[PDB]
Amino acid sequence: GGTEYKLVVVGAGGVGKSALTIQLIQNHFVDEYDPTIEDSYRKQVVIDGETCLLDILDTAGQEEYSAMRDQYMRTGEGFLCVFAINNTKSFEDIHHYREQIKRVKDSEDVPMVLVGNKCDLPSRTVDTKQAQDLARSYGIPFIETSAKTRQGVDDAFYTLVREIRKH
Ligand SMILES: Nc1nc2c(ncn2[C@@H]2O[C@H](COP(=O)(O)OP(=O)(O)NP(=O)(O)O)[C@@H](O)[C@H]2O)c(=O)[nH]1
Ligand code: NA
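With the sequence shown counted from 1, adding 23 to any position gets you our numbering.
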């Protein structure tokens, strides 16, 4: 079959995991999203001239520690770790998501991208420099996004695929 990349989107409640997923897949911004038991979506894209299938797995609605969250992390080949640039707590939580991924994968070297979403909103509390320093510590890219204005959305997911392809 065509090459498929299972990309898992993680982050604190309300950061925009689902809006990012739906913007990528459907090309629409949602004002609200109700997670279900399984929220995954597939779409063909071309990245660096190579066609592939993205299967996006959204962890929205999963509890912080649960069998289904672990199953999603076991299945994922790459991870978007999302915070919101107007919510400091969601940025402080990033280390937690990275630790959970490293635990489930039993590895320090897992394809990941740090995503700072909601860059369109006025009340920024996290600087790009802060996010870049965290990303540098983890050895991963940082991408700023807005699911609303569409800034950076493709870049975040496509960068994650590039990270998977480098391993
Ligand atoms: N202005 C703005 N609002 C956004 C952005 N991304 C998401 N939102 C809004 O933020 C709220 C939460 O988004 P949602 O995608 O449900 O976040 P989530 O991380 O999946 N939440 P949960 O894990 O609680 O289900 C929604 O009202 C959505 O419209 C963005 O980039 N900009
Ligand atoms: Na899109």
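Don't be surprised by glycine CBs; every beta carbon is placed ideally from N, CA and C.
**OP:** Mind the definition here: the region 105 to 123 touches the region 71 to 81 only if three or more C-beta pairs lie below 8 Å; say whether that holds.
**Re:** Touching, no.
Original post:
Residue range of the beta strand (DSSP E) that residue 106 falls in?
Top reply: Numbered from 1 along the sequence shown, position 83 holds the residue referred to as residue 106. Counting along the chain, the beta strand (DSSP E) containing residue 106 begins and ends at 101 to 107.
Original post:
Per DSSP, residue 63 forms a beta bridge with which residues?
Top reply: If you number the sequence shown from 1, residue 63 lands on position 40. Looking at the DSSP assignment, residue 63 forms a beta bridge with 80.
Subject >> Proximity to residue 85 [Cα-Cα], best of 163, 31 and 161 >> reply: Position 62 of the sequence shown holds residue 85. When each option's Cα is compared against that of residue 85, the closest is 31.
Original post:
Looking at residue 145 and ligand 1, is the gap between the Cβ and the nearest heavy atom below 7 Å?
Top reply: Here residue 145 is taken as the residue at index 122 of the sequence shown, counted from 1. No, Cβ of residue 145 sits at least 7 Å from all heavy atoms of ligand 1.
**OP:** Decide if the region 92 to 103 is in contact with the region 143 to 158; the criterion is three or more beta carbon pairs, one per stretch, under 8 Å apart.
**Re:** They do not touch, by the three-pair rule.
Subject >> residue 66 versus residue 36 - alpha carbon distance >> reply: For this step, residue 66 is matched to residue 43 along the sequence shown. For this step, residue 36 is matched to residue 13 along the sequence shown. Going by the C-alpha atoms only, they are around 25 Å apart.
Subject >> Boundaries (first-last residue) of the alpha helix (DSSP H) holding residue 163 >> reply: The residue given as residue 163 occupies position 140 in the sequence shown. From DSSP, residue 163 is part of no alpha helix (DSSP H); its letter is neither H nor E.
Subject >> beta-carbon residue 141 near ligand 1 non-hydrogen atom, thresh 7 Å >> reply: Within the sequence shown, the letter at position 118 stands for residue 141. The answer is yes for residue 141.
**OP:** Tell me whether residue 186 is buried or exposed, calling it buried when 16 or more other Cβ atoms sit within 10 Å of its Cβ.
**Re:** Start at 1 with the first residue of the sequence shown, and residue 186 comes out as number 163. With 16 or more neighbouring CB atoms inside 10 Å of its own CB, residue 186 falls in the buried class.
Subject >> Given residue 34 as reference, the closest of 174, 155 and 103 once Cα atoms are compared >> reply: Working through the sequence shown from its first residue, we reach residue 34 at position 11. Of the residues 174, 155 and 103, the one whose Cα lies closest to the Cα of residue 34 is 103.
**OP:** Assign residue 144 to buried or exposed, taking buried as 16 or more other Cβ atoms, counted over all protein chains shown, within 10 Å of its Cβ.
**Re:** The residue given as residue 144 occupies position 121 in the sequence shown. By the 10 Å Cβ count, residue 144 comes out exposed.
**OP:** Please find out if some non-hydrogen atom of ligand 2 comes closer than 7 Å to the beta-carbon of residue 47.
**Re:** Start at 1 with the first residue of the sequence shown, and residue 47 comes out as number 24. Yes - ligand 2 has a heavy atom lying nearer than 7 Å to the Cβ of residue 47.
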